[PDB]
Peer 1: 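Below is the structure I would like to discuss, written out as structure tokens.
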Amino acid sequence: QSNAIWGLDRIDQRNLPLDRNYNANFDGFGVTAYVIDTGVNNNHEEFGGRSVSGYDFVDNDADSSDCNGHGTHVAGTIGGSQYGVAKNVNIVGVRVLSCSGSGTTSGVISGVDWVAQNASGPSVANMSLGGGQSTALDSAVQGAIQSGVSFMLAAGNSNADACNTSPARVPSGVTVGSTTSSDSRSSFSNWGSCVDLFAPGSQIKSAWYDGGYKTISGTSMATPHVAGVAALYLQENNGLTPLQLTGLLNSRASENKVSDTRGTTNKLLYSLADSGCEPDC
Ligand SMILES: [Ca+2]
Ligand SMILES: [Ca+2]
Ligand SMILES: [Ca+2]
């Protein structure tokens, strides 16, 4: 891409400086990203008819439309034509948070269970949300990954240990911290032994609920970046189990690139099939 926004620009290369290009060998055609969030604007122009409703566990209806913005934004980072990682992925909105972003643990669990029960082909869930400890929530996410669907999970935004947050602390999940375009850990991002890797989450431009656009920061913006490359990886290999996908995200990641990691493993999202440091050692 000749004029790529920074986050896409970053994940296709090993080192700074940025080159204003997002290169891709895949687009996640044939895979489906389940976005567990405030819903998603199916009619947004970034999706070109590739987003549909799943279910709405806040209002108990069939229309998972977004009235907050956040879930449209993360869905745009996964599969938006201009500002997305996997530009022909399928998006399925699963609405578990209200217009104000508030949700119950029961409703979020219902969305996780729904994804486990309804995923058909190559699939990946994205949970750009977090809060206090919850073994019941942890247990539902642990169960959906056991059924064969990889869950990307935001680390949290409190400059704290991600091990005290659910669902972030679930080991079998892929817990994602946030970075800026200078390769620093975003100053808000959670950290520690529960975080598997970093991805662009500071100042990310993506779709908004109103059909236009917005640029916001959070581990919620970081997470869909890696869900997006999960879909790239899944098109390349449809039969990747959660374990194999987690491994492939780990071994393809750029190493020792991030500053102020605070005891986090120093791995940065990399979207192409190269291993170690290869393309630029
Ligand atoms: Ca680039
Ligand atoms: Ca609805
Ligand atoms: Ca993990």
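Ligands are counted one by one from 1 in listed order, and the atoms in each one are counted from 1 as well. Positions are given from 1, in the same order as the sequence printed here. Just the heavy atoms: all of them, side chains too, but no hydrogens, waters or symmetry mates, feed the values below.
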Peer 1: Can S182 and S184 be counted as having a side-chain donor-acceptor contact under 3.5 angstrom?
Peer 2: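 No donor-acceptor contact under 3.5 Å links the two side chains.
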Peer 1: Decide whether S64 and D56 meet the rule of one side-chain donor and one side-chain acceptor closer than 3.5 Å.
Peer 2: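 There is no such pair between these side chains.
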Peer 1: Keeping to distances under 3.0 Å, can you name the protein N/O/S atoms close to the Ca ion (ligand 1)?
Peer 2: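 Correct list: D9 O, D9 OD1, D12 OD1, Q13 OE1, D19 OD1, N21 O.
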Peer 1: Please check if any side-chain donor atom of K257 sits under 3.5 Å from a side-chain acceptor atom of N266, or the reverse.
Peer 2: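 There is no such pair (donor and acceptor under 3.5 Å, judged by atom type) between the side chains of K257 and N266.
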Peer 1: Would you please name every residue forming a salt bridge (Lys or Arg N to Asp or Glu O under 4.0 Å) with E255, sequence neighbours left out?
Peer 2: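 In terms of salt bridge (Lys or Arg N to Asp or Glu O under 4.0 Å), with neighbours along the sequence ignored, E255 is linked to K267.
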Peer 1: For a distance under 3.0 Å, give residue and atom name for each protein N, O or S atom next to the Ca ion (ligand 3).
Peer 2: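 Near the Ca ion (ligand 3), below 3.0 Å, one finds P171 O, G173 O, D196 OD1, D196 OD2.
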Peer 1: Answer with yes or no whether the side chains of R169 and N164 bring together a donor and an acceptor at under 3.5 Å.
Peer 2: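 No, no side-chain donor-acceptor pair sits under 3.5 Å.
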Peer 1: Consider only side-chain N and O atoms of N41 and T72, and report whether a donor and an acceptor are under 3.5 Å apart.
Peer 2: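 Looking only at side-chain atoms, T72 and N41 do not form any donor-acceptor pair under 3.5 Å.
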Peer 1: Is the closest side-chain donor-acceptor distance between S271 and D12 under 3.5 Å?
Peer 2: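 Judged by distance alone, the side chains do not pair up.
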Peer 1: Under a 3.5 Å cutoff, is there a donor and acceptor pairing between the side chains of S100 and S102?
Peer 2: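 Yes, a side-chain donor-acceptor pair sits under 3.5 Å.
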Peer 1: Are the ring centres of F198 and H225 closer than 6.0 Å?
Peer 2: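 For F198 and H225, the ring centres are not under 6.0 Å apart.
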Peer 1: Could you tell me if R185 and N159 have a donor-acceptor pair between their side chains, going purely by distance under 3.5 Å?
Peer 2: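 The answer is yes; a qualifying pair exists.
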Peer 1: Does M152 belong to the same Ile/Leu/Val/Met/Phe/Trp/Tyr cluster as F26, with side-chain heavy atoms less than 4.5 Å apart forming each link?
Peer 2: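 Same cluster: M152 reaches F26 through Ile, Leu, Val, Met, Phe, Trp or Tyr contacts under 4.5 Å.
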Peer 1: Which protein N, O or S atoms sit under 3.0 Å from the Ca ion (ligand 2)?
Peer 2: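 Listed by chain and number, the nearby protein N, O or S atoms are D56 OD2, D61 OD1, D61 OD2, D63 O.
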Peer 1: Can you see whether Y22 engages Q82 through a side-chain donor-acceptor pair at a distance of less than 3.5 angstrom?
Peer 2: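 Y22 vs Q82: no donor-acceptor pair found between side chains.
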Peer 1: Looking at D61 and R95, is any side-chain nitrogen of the basic one under 4.0 Å from a carboxylate oxygen of the acidic one?
Peer 2: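 So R95 does not pair with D61 through a salt bridge.
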